[PDB]
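Right, one structure below, let's go through it.
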Amino acid sequence: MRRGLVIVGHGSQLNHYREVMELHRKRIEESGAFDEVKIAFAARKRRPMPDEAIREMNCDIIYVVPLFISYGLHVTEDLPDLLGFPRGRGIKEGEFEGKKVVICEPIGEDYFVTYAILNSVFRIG
Amino acid sequence: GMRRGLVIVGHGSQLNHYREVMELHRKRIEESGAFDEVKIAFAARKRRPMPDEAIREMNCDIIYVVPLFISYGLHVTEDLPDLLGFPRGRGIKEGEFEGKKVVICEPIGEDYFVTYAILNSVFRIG
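If you read the protein sequences in the order shown, they are chains A and B. Mapped onto my numbering, the consecutive letters of the first sequence carry residue numbers 3 to 127. Mapped onto my numbering, the consecutive letters of the second sequence carry residue numbers 134 to 259.
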């Protein structure tokens with residue numbers, strides 16, 4: 003099957019943020035775990051918006067991952083509104099111009115982010 | 134072996150889930166034993182505790198201040214160093230704050246652990 007990923011970020015006035023999104027895009031695309039990998043933004047009218055990434059992708063299922071720490075306003079309101087998806091917390095399985103689309107949970111709670119905190123001190127790799 | 138502390142510095146939210154995420158990271162690292170002390174603080178919209186207050190509560194040689202942020206944005210390059218009286222800009226920053234050694238570390242954004250966290254929002258292992 004063809005499985006898609008869209009990474010949805012906040013963006014920033016400073017360039018580093020977009021550059022970080024492109025870094026994960028490239029790392030994940032070159033791994034081959036998904037057939038298609040794109041980035042999108044969910045704040046400040048930043049482009050691409052999630053709908054623009056999704057419309058370009060020809061996949062049987064597309065996962066949208068919020069690159070955000072918590073269930074806040076951007077994740078529970080801005081992102082769902084942008085997709086026409088339900089507001090609030092939790093994973094959301096939906097259809098979007100006849101494609102299957104699942105918004106995932108924010109990364110914040112993951113043990114890998116605990117480890118990223120540790121590794122900001124330990125600098126392993 | 135030196136007395137090492139960690140201050141995790143976050144953005145916060147008008148909703149509750151950010152504070153609980155911060156608390157969960159603090160609690161995980163406290164129980165792991167990796168550091169002598171772990172505290173949380175905030176670097177947006179006058180949120181509390183601020184980094185200066187977390188540090189003043191700490192009994193350590195060195196304190197590593199870790200930005201819980203994706204990038205070197207306005208919060209990382211302006212708010213966080215202003216709240217510490219450190220100069221603005223990119224990069225790691227090491228100095229002293231009222232007599233204790235403080236290292237502002239890099240934000241977590243570029244870590245391979247963030248790439249894997251992205252993968253695990255999909256794969257949901259653990």
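In this text, a Cβ means the ideal position worked out from N, Cα and C, and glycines have one as well.
Within the 7 Å Cβ cut-off, does residue i reach chain A?
{"i": "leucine 216 (chain B)", "result": "no"}
{"i": "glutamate 243 (chain B)", "result": "yes"}
{"i": "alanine 250 (chain B)", "result": "yes"}
{"i": "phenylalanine 219 (chain B)", "result": "no"}
{"i": "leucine 148 (chain B)", "result": "yes"}
{"i": "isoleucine 225 (chain B)", "result": "no"}
{"i": "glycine 206 (chain B)", "result": "yes"}
State the CB to CB distance for the pair residue i and residue j, rounded to an integer number of angstroms; the pair is presumed to be in contact (CB under 8 Å).
{"i": "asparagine 121 (chain A)", "j": "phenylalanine 246 (chain B)", "result": "6 Å"}
{"i": "residue 2 (chain A)", "j": "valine 255 (chain B)", "result": "Absent from the structure is residue 2 (chain A), since the part of chain A shown begins at 3 and ends at 127."}
{"i": "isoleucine 195 (chain B)", "j": "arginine 137 (chain B)", "result": "6 Å"}
{"i": "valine 103 (chain A)", "j": "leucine 85 (chain A)", "result": "7 Å"}
Buried or exposed: where does residue i fall if 16 or more other Cβ atoms within 10 Å of its Cβ makes it buried?
{"i": "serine 72 (chain A)", "result": "buried"}
{"i": "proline 240 (chain B)", "result": "buried"}
{"i": "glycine 110 (chain A)", "result": "buried"}
{"i": "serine 14 (chain A)", "result": "buried"}
{"i": "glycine 74 (chain A)", "result": "buried"}
{"i": "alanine 176 (chain B)", "result": "buried"}
{"i": "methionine 23 (chain A)", "result": "buried"}
{"i": "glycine 143 (chain B)", "result": "buried"}
{"i": "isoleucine 30 (chain A)", "result": "buried"}
{"i": "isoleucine 258 (chain B)", "result": "exposed"}
{"i": "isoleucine 237 (chain B)", "result": "buried"}
{"i": "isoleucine 225 (chain B)", "result": "exposed"}
Give the residues of chain B in contact with residue i, contact being defined as C-beta atoms less than 9 Å apart.
{"i": "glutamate 107 (chain A)", "result": "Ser254, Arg257"}
{"i": "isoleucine 30 (chain A)", "result": "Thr248, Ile251, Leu252"}
{"i": "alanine 44 (chain A)", "result": "The contacting residues do not exist; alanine 44 (chain A) stays about 13 Å from chain B at best."}
If the cut is a Cβ gap below 7 Å, which residues of chain B does residue i touch?
{"i": "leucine 81 (chain A)", "result": "Simply none; closest approach about 13 Å."}
Would you please verify whether the beta carbon of residue i is less than 7 Å from any beta carbon of chain B?
{"i": "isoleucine 64 (chain A)", "result": "no"}
{"i": "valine 39 (chain A)", "result": "no"}
{"i": "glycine 90 (chain A)", "result": "no"}
List the residues of chain B whose Cβ lies closer than 8 Å to the Cβ of residue i, in chain order.
{"i": "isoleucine 71 (chain A)", "result": "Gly143, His144, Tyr151, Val154, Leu201"}
Listing by chain order, which chain A residues have their CB less than 7 Å from the CB of residue i?
{"i": "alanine 167 (chain B)", "result": "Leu120"}
For this session: Mind the definition here: the segment 165–172 of chain B touches the segment 206–221 of chain B only if three or more C-beta pairs lie below 8 Å; say whether that holds.
Result: no
For this session: Assess, as a yes-or-no matter, whether the segment 179–190 of chain B is touched by the segment 225–243 of chain B under the definition of 3 or more beta carbon pairs within less than 8 Å.
Result: yes
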